[PDB]
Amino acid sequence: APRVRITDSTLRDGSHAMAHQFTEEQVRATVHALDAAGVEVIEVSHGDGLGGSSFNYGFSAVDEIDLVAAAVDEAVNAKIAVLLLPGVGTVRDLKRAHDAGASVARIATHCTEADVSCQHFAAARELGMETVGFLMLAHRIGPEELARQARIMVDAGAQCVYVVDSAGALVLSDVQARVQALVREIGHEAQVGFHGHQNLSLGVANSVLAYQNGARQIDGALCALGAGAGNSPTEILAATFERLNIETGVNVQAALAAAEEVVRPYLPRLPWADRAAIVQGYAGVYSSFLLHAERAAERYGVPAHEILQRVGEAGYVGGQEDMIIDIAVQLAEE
């Protein structure tokens, strides 16, 4: 069976769950454990990518590039990836991550907006970085439309394009259809990936189905650490692909020990599909809105799940955290 490459995003998507308060020691310990377990690519950035530190998303406690540098220093065999969102992070930020030793650039746009990334893919390829495109909130458009946007990324220099279930809103055949459309369009020259969230407890199944329909890159995080109810757990992906006799190169016992012994002790709380997270999956809300909605819930004295329901009704895209406050004010007046 063709092998699948797992990218771990404990230290990037998981940054959302940590409110970007990772310490250098946590980054090093996590990188050490993942690398030794055979994980091939380890993503390290602010949750909203390079340049994400802000009032809108929250500031990283430690300088963003210092954490990337620490990850690169700790890594022995793993590549360090960084995430960049055009409109937030820039080519100058990418150059600073390359200077720190990152070797994989993952460049994310809303699913309908691939053409804003063409400069970033060009710069990443010029720097000798492996490139991955991310089409965020991929449930928002159909497979055909998604494949056209993937084609734009590949023409710009993307070596892989992911179907990204940012809201944890996709259900099984929805993933199949999107992955197959991308495989049909770009598969002869680029890889296809999938990144799932746990808001409906479907991340792992969606990942398996994505692989079975031609995806060769899959994301997870240790202990599900990530936005919303979390990401597909790296340790479960490793165990499940092994049961399916699909090679990942990740040692299952080492992945289980990394989750249990290294990551679990620093979790602020367990990733969990509570009412608020399930509403995100049901209504198609960007997962990283969760802790911002909880903060506004407390500040305005309204329920976080009602904030998120309203956000869902409105159709906001990644990065629109400011809209949470407007909604919370409205709800408090109501």
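Each residue number is its position in the shown sequence, starting from 1.
Novice: So which stretch wins on mean C-alpha B-factor, 89-97 or 67-75?
Specialist: Looking at the recorded C-alpha B-factors, 67-75 comes out higher on average.
Novice: When the Cα temperature factors in the entry are averaged, is it 181-189 or 105-113 that ends up higher?
Specialist: Comparing averages over the C-alpha atoms only gives 181-189.
Novice: Please work out which residue in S287, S53, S45, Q309 has the highest C-alpha B-factor recorded for this crystal structure.
Specialist: That would be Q309, according to the entry.
Novice: Hey, out of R148, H195, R140, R243, whose CA B-factor is highest in the deposited coordinates?
Specialist: Spelled out: the listed residue with the top C-alpha B-factor is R243.
Novice: By its CA B factor, does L11 count among the lowest, middle or highest third of the modelled residues in the chain?
Specialist: It falls in the bottom third of the chain.
Novice: Quick check for you: using the entry's CA B-factors within this chain, is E260 in the lowest, middle or highest third?
Specialist: For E260, the deposited C-alpha B-factor lands in the highest third.
Novice: Lowest, middle or highest third: where is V161 by Cα B-factor in its chain?
Specialist: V161: CA B-factor falls in the lowest third of its chain.
Novice: In terms of the CA temperature factor given in the entry, to which third of its chain does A238 belong: lowest, middle or highest?
Specialist: According to the entry, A238 has a C-alpha B-factor in the chain's middle third.
Novice: If you rank the chain by CA B-factor, which third does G249 end up in: lowest, middle or highest?
Specialist: Its C-alpha B-factor, which the entry lists for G249, ranks in the highest third among residues of this chain.
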